[PDB]
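There is one chain below, alone, in structure tokens, taken in the form deposited in one PDB entry.
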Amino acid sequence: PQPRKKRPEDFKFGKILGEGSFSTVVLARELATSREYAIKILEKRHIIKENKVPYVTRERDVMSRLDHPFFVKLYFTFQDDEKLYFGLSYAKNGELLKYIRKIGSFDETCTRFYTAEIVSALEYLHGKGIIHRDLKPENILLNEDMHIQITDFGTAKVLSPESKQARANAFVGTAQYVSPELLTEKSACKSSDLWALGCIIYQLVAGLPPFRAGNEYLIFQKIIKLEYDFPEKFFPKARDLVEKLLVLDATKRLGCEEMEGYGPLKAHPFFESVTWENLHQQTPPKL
């Protein structure tokens, strides 16, 4: 027997935290507890009209399966006549992208710490057979203690035991972080997230993502050609790691099953001083 189903009247809604194409996230205080949640509100009619039932269902189903400190938690759901409501942890500090823009680019200690939390999160996700498929700084949020909270699971793929690949459109997902296999084979794998990881590490160090251009078509062209360069002074061991992640052949990316998994990735020299066992209990370095 769970707690009774919550209702809109149980909350004092506040500011809008963000607005997507099919949802709006609003800060809400539960009257009975004074707890604050980020409630994601989606209109049923619009979801049905635009054929998005599978994505909303997927977002709910994946989030309910995750139980790990580096993921946004789904605490409850409810609905009224027109809207679905998902009660989520409120990540007080916002998007990682905000910090990249604010401070410009991360020093080595900061890059290493945040990269480690992301790698630890992906290990967990991938161990559950889930491909994120849209990993990017916009969807890596930060809690009040400046630990990461990954979100945005509606476009995730859930692999079956028998399958390492899932059909996926590149035009879905964010161009700058799209893996070459989505553009060439229209298929996603766990290693697609490792490609995105390489883009993100590059972005933390350089301040901008590796594949940039005036439009999406031009970005995609750069991705399939591996057309990017490292800036001068890019931390040498991080460059080496990124070179091992931004690999056109998805089976040759450090961390993938064919490269023997997360062992060899976490053992990379860039992570030498990392203690992996309890990152969420360590004090993040100041940005």
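The first residue of the sequence shown is number 1, and the count goes up from there.
Note that the form solved in complex with a small molecule isn't included here; everything after this is about it.
Checklist entry - Applying a 4.5 Å heavy atom distance criterion, does residue 248 contact the small molecule in the deposited bound form? => result It does not: once the small molecule is placed as it appears in the deposited bound form, residue 248 has no heavy atom within 4.5 Å of it.
Checklist entry - Should residue 85 be counted as a contact of the small molecule in the deposited bound form, where contact means heavy atoms within 4.5 Å? => result Residue-level check for residue 85: yes, a contact with the small molecule.
Checklist entry - Does residue 34 reach the small molecule in the deposited bound form, with heavy atoms at most 4.5 Å apart? => result No.
Checklist entry - So, in the deposited bound form, is residue 56 in contact with the small molecule at a 4.5 angstroms heavy atom limit? => result Within the cut-off, so yes.
Item to check | Selected contact from 29, 44, 237, 244, since only one has a non-hydrogen atom within 4.5 angstroms of the small molecule in the deposited bound form | outcome: It is 44.
Checklist entry - Heavy atoms within 4.5 Å of the small molecule in the deposited bound form: which of the stretches 183-191, 106-114, 159-167, 73-81 has them? => result Going through the listed ranges, the match is 73-81.
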